[PDB]
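In the block that follows, a single chain appears as C-alpha cells, in the form deposited in one PDB entry.
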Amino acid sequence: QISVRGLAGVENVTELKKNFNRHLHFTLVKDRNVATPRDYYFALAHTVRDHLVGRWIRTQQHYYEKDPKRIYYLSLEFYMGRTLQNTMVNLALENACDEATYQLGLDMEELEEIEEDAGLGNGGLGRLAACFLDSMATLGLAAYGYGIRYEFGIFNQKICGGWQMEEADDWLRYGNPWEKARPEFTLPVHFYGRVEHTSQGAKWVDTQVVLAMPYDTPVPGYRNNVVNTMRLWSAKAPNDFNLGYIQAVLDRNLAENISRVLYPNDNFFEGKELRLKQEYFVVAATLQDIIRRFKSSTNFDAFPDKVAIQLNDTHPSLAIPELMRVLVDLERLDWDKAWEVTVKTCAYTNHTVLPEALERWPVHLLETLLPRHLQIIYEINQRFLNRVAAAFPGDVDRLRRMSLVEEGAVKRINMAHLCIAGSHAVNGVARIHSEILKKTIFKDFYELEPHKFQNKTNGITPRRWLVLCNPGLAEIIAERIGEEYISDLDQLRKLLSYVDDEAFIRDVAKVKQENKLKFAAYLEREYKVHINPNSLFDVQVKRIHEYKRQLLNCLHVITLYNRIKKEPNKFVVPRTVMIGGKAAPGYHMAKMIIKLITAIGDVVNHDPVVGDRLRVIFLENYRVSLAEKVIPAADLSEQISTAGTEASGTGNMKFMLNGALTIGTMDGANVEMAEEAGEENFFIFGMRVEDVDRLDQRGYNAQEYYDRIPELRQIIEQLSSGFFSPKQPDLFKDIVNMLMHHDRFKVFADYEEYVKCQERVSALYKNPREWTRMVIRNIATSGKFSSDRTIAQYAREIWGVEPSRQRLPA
C-alpha cells in the first residue's frame, strides 16, 4: 500500500501464503473451519519467524569466524512490547504479509492486536534496554542482551470504581513463538553455603544449587540481515532437589520462584531477599556464559579486548564481585591482575539521583545469601579507601562518604559506590543529569577519578517509534527526503526546507488528524468512552510518581474547569486531557493520584455546562503497545517533572518524533530537545535546577502560594471539602496534607508559570498553520534523539568498537 512498508512481489506473496497454510495445518493442527483469529495470528508469527532463522544462524556463525569484541548488556528489565510488526518492519516484509493475508481473507492489523506485550519492564530503564538492542543490531555490533525470563511481567492494570486493581500478566499462557528454549546450555547458580579457607585460597561450599535455563529471542537489525540474541534465564530446580516424597517435589517451586515475577517498583528500592536472588541469578549465569564463549577462541589479559559488560543501573552490580570471585577463586589469578581485568571490562549507567531509588543492601542479607561476595566487597572497599587516603590525606569525612560500606542502625552496601570503583566508565543519561552526578551525589568520586565520568544522552529507536507506530508520517517524510533517515535520523534536518511548503504543512496536519480519529475510534470500541477529535489532545503518559507531577497537571485541569464554570459563555480551546500510567502496588500516594484523576473525570465529563469543551480520560493499562497508539495521536506532550529529578526521560523524545509540541520544565533531556529545536519552538516554564536549590536553602513553604494565589486556594478548598468526592468528603485529605506540608517536589511553586504557559499553548493551537509549522521544526530537529546516535557513542567512547552500517549477505 505505502512505500516505506516494502515490496509485495508476486513470488514473495505466493510463498508467504503457502507457508501460512503449512503452519496452520502442521504447526497449529487446525483447518480453516475450526481456526480462531488467535490461530491465524500464530500461523503468521511462525511464517515471519521462519525468515529470521537463516539470518540468525548466519549472524552467529559470522561472529564465530570473525571473533569481534562482544558487548554484553546486562539488565533486569527488557520492556519489549510486541514482536510481530517490528520483525516485519526490519525484514521489509510488511506489505507482502499485508497482501498475503488480505488474499487469504484476513485483516493483518486485527491479527497484530492478538499478540501479548512482552512486558518485562517497568518504564524508562526497561524500554531503554529494548531500544538499545534494536540499535545495536542495526549498527552491526556483536551484542547480547542478558536478563530474566519472568513468567509474569508488569501487572495488567484495571480501574474499578476509580481505583487501580492489579492482575497477573500471564503473557506466556498461549505460548511465545519468538523464543527458543536452549536446555542444553543450562548452568548451575549457587546460593547460601559458607566460605572455607585452604592452603589454596578460599572455597565456597555447602551451597544450594539452582539451575539457569536459557531462552533465546532473535533481535533483527534494520534491513541489514543482522540478527542478534537476547538470552533470558529461567530458574529450574535440580532433579535431586529436597531428595516426604510428594512435599519434596512440590517444594521445587521454592527454587523456581526466582524467575516468577518482575518487581513492579519504578525508581524505588525495595530490599527484599527474592529481589537479591534475581540479581545474583542473572549475573552468575551470564558471567559463566561469557567466560565459556571467551575460552572457545587461560590468558585473561585479552579478556577486556574481547568482552564489554554494560550494567544497566546497579541491578546487576554483583557482576563486579562475581567476576572477581571467578578470576581469583576458580582461575587462580592474583588479586591485582583480576581487578585490572574487571575494571577494564565493566561499565556502569546511572538512571536516577533520587535517594529512595539507590540500592543499599543490608550486610546481613549478603552475609547469609552470598558470603564469599561479601568478603570480596570488603576487600574491594579496603583497597579503594587506601587509594582515597593516599590522594586526600587526613580527609576522614571523605573516607566515610566514599566507603562502599554504610554505617548505621543496619550496616549496608552502597551498590552505586561498588559500580563506580569497579568500572572504567560511569555515565549519566542526559547532559544535565551527568553534570548533577559530578557536582552532587558522586562529587567525591569525580574528584578522585575524573576520567571515568561521561555523558550518554538517551535515545529511542526510530523503527518502533516512527515507522511502526506512525506509518502515515514516515511516508510523507519519505516522499520528500527518501528512506535513508530511518537508519540515519539526522537526515530529518532536511525537513527545515519545507517549513514554508504549503503541501507539506497540509500533509503533516492531515496525518495528525487521521491518527487522532483512529485513536478516538479505538477508545469507543474498546472502552465505551466518547471524545471530540477536533480538540487539542493533551497527553501525559508515564509511570505515576510524585516527582513526575501528574498532580500539577490535575491542578491545571481543575483551573480550566473552574474558569469555564465562572464564565460559561466565553470561548476556550477545546481539550481532551489524557493521563495514563501504572502505580507500584505498595505506593499509596500514587494510587491516590490515580483515584483523583478519575474523580476529576467524574465531575468534569458529566457537567452539561462544560459540554465537549473539556474531557478528562484516564488511559487504563499503559504499556508499550498502548504507547504506539496514543503517542502518534498527541498534540501536546506533558513533561513536567520538578527540575533536577527526571534524569533523562524517553517518552519526551517519542512525542517529539511524532508531531506533538512539548510543555515542559528544563529537566532531563527536555533541555537538549529545546536546544535542538530552538527555545522559541518549545513551551518551557518553571523553576530551573538553580531556582529549586535557592528555594531549598530558604525553605519551601507551600502556605505562601496558597495565601497569594486565589485560584489555587479555591482548588485546595474544593479538594478538602469533598467537591470531587461527595460521598467521602475527606477522601483526598492525604493529598491536600502532602501538598500543604511535605511536598518534596514543589507542585505549588510551578503552578502560576504552568497555567500561564498553558494559555500560550491554547493561543497557538487557534492558528493551525503556525501550530503545524512549529511541529515541523520539532520533527526536523529530533535526529539527535535516535538511539543509533546513543549506541554509536557507547561503542566508540566506552566499549571501544566501531559500528557498521554494512549488510551481511541475505
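Residue numbers run from 1 along the displayed sequence.
Keep in mind that the form deposited with a small molecule bound is not shown, yet the notes after this line are about it.
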Counting any heavy atom within 4.5 Å as contact, can you tell me which stretch out of 714 to 722, 118 to 126, 337 to 345, 676 to 684 lines the small molecule in the deposited complex?
118 to 126
As a check of understanding, the residue in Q157, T650, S423, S259 with any heavy atom within 4.5 Å of the small molecule in the deposited complex should be identified as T650
So the small molecule isn't shown here. In the deposited complex, which residue out of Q491, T598, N265, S535 has a non-hydrogen atom within 4.5 Å of it?
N265
Is there a heavy atom of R575 lying 4.5 Å or less from a heavy atom of the small molecule in the deposited complex?
no
Flag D169 as yes or no: does it have a non-hydrogen atom within 4.5 angstroms of any non-hydrogen atom of the small molecule in the deposited complex?
no
Heavy atoms within 4.5 Å of the small molecule in the deposited complex: does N458 have any?
yes
With a 4.5 Å heavy atom cut-off, would you call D98 a contact of the small molecule in the deposited complex?
no
